[PDB]
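Some notes on the structure that comes next.
Protein chains in written order, with the entry's author numbering: chain A, 1 to 400; chain B, 1001 to 1400; chain C, 1501 to 1540; chain D, 751 to 825; chain E, 2751 to 2802; chain F, 2593 to 2645; chain G, 1593 to 1645.
Here's what the structure looks like:
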């Protein structure tokens, strides 16, 4: 009875399949893939952020030169300068007039915002998708368990053992190269660590926040201070993190395909509705009811009464139930034409009980399996009027 | 002059290419891919280890039953038992004779060795390969820098900017599924977390060492203690971590293809010699010597004198150098037939200096570019006798 | 020092204070860690 | 304590959202046609504008500024 | 007071018992196909072995 | 044991005695142990008594 | 050893205790010794401490 089932990847709607175990009473499913969070394999390549030209205070030798050296600070720009007369609080102070030397030095450093407000590149591989699958199973009526997709993983949470996927729809909405910012995720071809052109994205490129080493192509060019005054002309491109916040591109949670949402959290891409998942469950046999205890319902009749050719469960149909015992009777349309809101219907001794459903074909000729009794609920449906609210329960469009 | 170069992936041997910049003096390379450590993208799926049936001490009710409950311990096996007469230090102590009840309970728990001596599964993706490339460049004579393979990453360590790969030889010697143990790495199709059959590998399956939850299919079956004595028959498969240490398979550092070594370290696969790498460098132009300062060497002559048809640099050839100035002269065979030990040769005013090399064709007709002067060092070679030591410098076998 | 039921206590099942549980011949160095029920 | 743009005027058409819209400040609107064909749109809106969106069968979503994202069945 | 070998791992197949098996000591396993064709089997098993 | 090796200690001397004899201990059962365990099923072995009567 | 067999001597009595347990000692290495030697390479074995802290 290990109920294999191909199953559409779509998040917010149950998939009430039916266990046709030969010998005992069938049992309905209710498989709602409440989430499709993905979490691909990734690598933190480098944080970037806007620089801060945290200038070390220049040297001023008063009569003669002060040769600079290339200190190992990131992008340590330093250039000796002569021909000053530095006004500092008493007019000038160095008594020479051309031998007055000024050595300006400036290096690039991570902002304090780099720790917290920072873009973040990644080389993104495929990884392994997940889900908090609820099944309000059978008469168990509950399990809300986190699972995987790889087609040999069980998750014995509740009582049922369930194996999912691998899904066929391998579209990772993440591209190979991704930039990430706070919550807005950008599938951007970041240039690389160690290379980013100044002004362009990644002018600062630190491996992480702690990493004292980095790559700072900022085109930081010191110029001589003017007219014998102490200061430090640092001529520099404002960061490619400054832009990339107001001349950027749009976020993947606003431009992705096939229906995904995003988080700066394990780097999941939630709820990506695409393709199918070959899902298979091993039910606990204890949860089964033996066949000789559920009422046999045959010699019945089914008919629509007001079929709504729609998404919400507007389709209805009375069923002239013709039972033997009285009790519950799980139901399902093995044809995917009709999706039913009721998993189970209570029965007195051969009464009648309408259920709700939804279809996509004008003439819904769908079988209905009322606990081992098939029936065609043939009829005709009506279009609605009022179509602006969230996503459907029908999801069965085909040739009609 | 950004010297693109396809380049064989092979670890322990330099690749002394030649910079043919039009206008200034050429400069030799010496590119030795000292390492090819890989570090694929991976995921810790579950640690396993051998269980320990750390039995909680059974209950003994003396007259009447003690119903057990299914406590949430991993694989909490518990079975009530009656019909005892438990000899405990005073003969029996419970005065009844059949109403003497004994409730045995046993759960599975990680060994203390699980923290330290533990196999370790992984879902292994491809990731990104690395290297501590030494170049004793030109006249720079040194840089030993850690780099990447992705074909836009520079690493400005030293003075040269160098872009490597992506390599064409995407054989990750790791399979998709891998088990890991201390240092011996096994490309094993581990069953999964949550499933492993008892006795088989992964009978215990803990996500990590800290993870109090796990999956313990050990087939732990308690049996009743014998003849009215206190003890706890726990009948259990010794672990699939016990086996897997003496009925295992061999390690990937002993069964891999295409020449790899392994570590329980970042999960690299070192020194995988396979295929080529399209490598390209931007030299510092300052390191160039202008063309009008190196001696022009033409009107020369080259000839082998004792060519050894071999791997070690046994091939030799005098060269009737015919210089203009006197000084150094970088050398290289642009044909891959001949691999030369000397990057550079010193020159007096038109002297002669032998170099060493190695070839693979009986008639080595290889050009030799002595600092912008080509020459065929045609000749014939001799086979050696003494072939049992590590790996070659020749690596140029072709049709001969 | 706990006392439990040794399984083959010279003759047969006695109750020795040094009743051996949790034998661990799981290391490599010729060593076993043992628990007696006795607390020396 | 942060921004919020005035609510939209939702208007139905056949597989199409007319939206007479009227913000306080320039608002970046954007959408995601949830087909594997994404076909997104972006436009800062400061001038009040009646816009349009060819919604598909399976759904579209709608982001009136930092007001939360909406969603729509247009069968 | 006597011996006992750890329980087997029963595994189903079509008219076939795969049995991943893992003893403590050399264990003589044996069977009897209850047809009038007996077709028995004997093998001491000390090394863990998946049999059929 | 390949042999058997017996001996007391009078007190001044070891004064032992030793002999060859092929010894084994199969337990009764389809398990070929080397030694009796603490647990397991009971079944009809052959064995000598403790007693004198 | 096929078993494990423990015991002190109080002084009036032997007063020992014994048990079944499958014991082996593979050293870590591709050599399957039966016992640790005096020499050879050192490499990362698993082992218990001398200490209490």
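A virtual CB, placed ideally from N, CA and C, is assigned to each residue, including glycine.
- Residues of the segment 2621 to 2636 of chain F with a C-beta less than 8 Å from any C-beta of chain B: 2630, 2631 and 2634, listed in chain order.
- Using a Cβ distance threshold of 8 Å, residue 1094 of chain B and residue 1062 of chain B count as a contacting pair.
- Against chain E, a Cβ distance below 7 Å from residue 2604 of chain F picks out nothing, because the smallest value is about 41 Å.
- If you look at residue 1253 of chain B, you'll find it in the alpha helix (DSSP H) that goes 1252 to 1255.
- In the structure shown, residue 282 of chain A falls within a strand segment according to DSSP collapsed to helix, strand and coil.
- Residue 1022 of chain B and residue 812 of chain D have their alpha carbons spaced roughly 59 Å apart.
- At the C-beta level, residue 2754 of chain E and residue 2760 of chain E stay beyond 8 Å of one another.
- Against residue 1518 of chain C, chain B offers no close residue; the least beta-carbon distance is about 14 Å (beta-carbon pairs closer than 9 Å).
- For residue 1611 of chain G, the nearest beta carbon of chain F is closer than 8 Å to its own beta carbon.
- For the segment 1160 to 1190 of chain B, there are no residues whose beta carbon sits under 8 Å from a beta carbon of chain A.
- If you ignore the 5 residues before and after residue 2782 of chain E, its C-beta comes within less than 7 Å of the C-beta of 2788 and 2790, all in its own chain and listed in chain order.
- Look at residue 1533 of chain C: its C-beta is under 8 Å from a C-beta on chain G.
- Between the segment 1256 to 1275 of chain B and the segment 1095 to 1114 of chain B there are fewer than three inter-stretch CB-CB distances shorter than 8 Å, so the stretches are not counted as touching.
- Within the segment 1274 to 1341 of chain B, complete alpha helix (DSSP H) segments of at least 4 residues are not found at all.
- Taking a Cβ-Cβ cut-off of 8 Å, the neighbours of residue 1125 of chain B in chain A comprise 41, 125, 126 and 127, given in sequence order.
- Considering only B/1251, B/1203 and B/1182, the residue with the shortest C-alpha distance to residue 1115 of chain B is B/1182.
- Taking a C-beta distance under 8 Å as the contact criterion, residue 1158 of chain B and residue 1145 of chain B qualify as a contact pair.
- Taking residue 2603 of chain F as the centre and dropping the five residues before and after it, the same chain places no C-beta closer than 8 Å to its C-beta.
- Using a Cβ-Cβ cut-off of 8 Å, residue 762 of chain D counts as an interface residue toward chain A, since at least one Cβ of chain A sits closer than that to its own.
- For residue 162 of chain A, the closest C-alpha among the options A/133, A/188 and A/16 is that of A/133.
- Contact annotation: the segment 1296 to 1315 of chain B does not touch the segment 1024 to 1036 of chain B, with fewer than three C-beta pairs closer than 8 Å.
- Chain F places a beta carbon closer than 8 Å to that of residue 2775 of chain E, counting this residue as a contact.
- With respect to residue 167 of chain A, residue 38 of chain A sits apart: the two C-beta atoms are not nearer than 8 Å.
- Contact between the segment 83 to 93 of chain A and the segment 118 to 128 of chain A is not established, with fewer than three Cβ pairs separated by less than 8 Å.
- In the structure shown, the three-state DSSP call for residue 1115 of chain B is helix.
- Under DSSP, residue 177 of chain A shares a beta bridge with A/123.
- Looking at the DSSP output, residue 1239 of chain B sits in no beta bridge, so it has no partner there.
- Buried is the label assigned to residue 343 of chain A, since at least 16 other Cβ atoms lie within 10 Å of its Cβ.
- Going by DSSP, residue 1047 of chain B is part of the beta strand (DSSP E) stretching over 1044 to 1048.
- Using a CB distance cut-off of 8 Å, residue 1050 of chain B counts as an interface residue toward chain C.
- Excluding the 5 residues flanking it on each side, residue 1147 of chain B has same chain C-beta neighbours closer than 6 Å at 1131, 1133, 1155 and 1164, in chain order.
- Counting the other CB atoms within 10 Å of its CB gives residue 4 of chain A a total below 16, which places it among the exposed residues.
- In the DSSP assignment, residue 344 of chain A falls within the unbroken beta strand (DSSP E) covering 344 to 347.
- When A/399, A/360 and A/375 are compared, the shortest CA-CA separation from residue 384 of chain A is found for A/360.
- Burial of residue 1526 of chain C is indicated by the presence of at least 16 other C-beta atoms within 10 angstroms of its C-beta.
- Taking 7 Å as the Cβ-Cβ cut-off, the segment 1232 to 1263 of chain B approaches chain E at 1235, 1236, 1237, 1238, 1243 and 1247, given in chain order.
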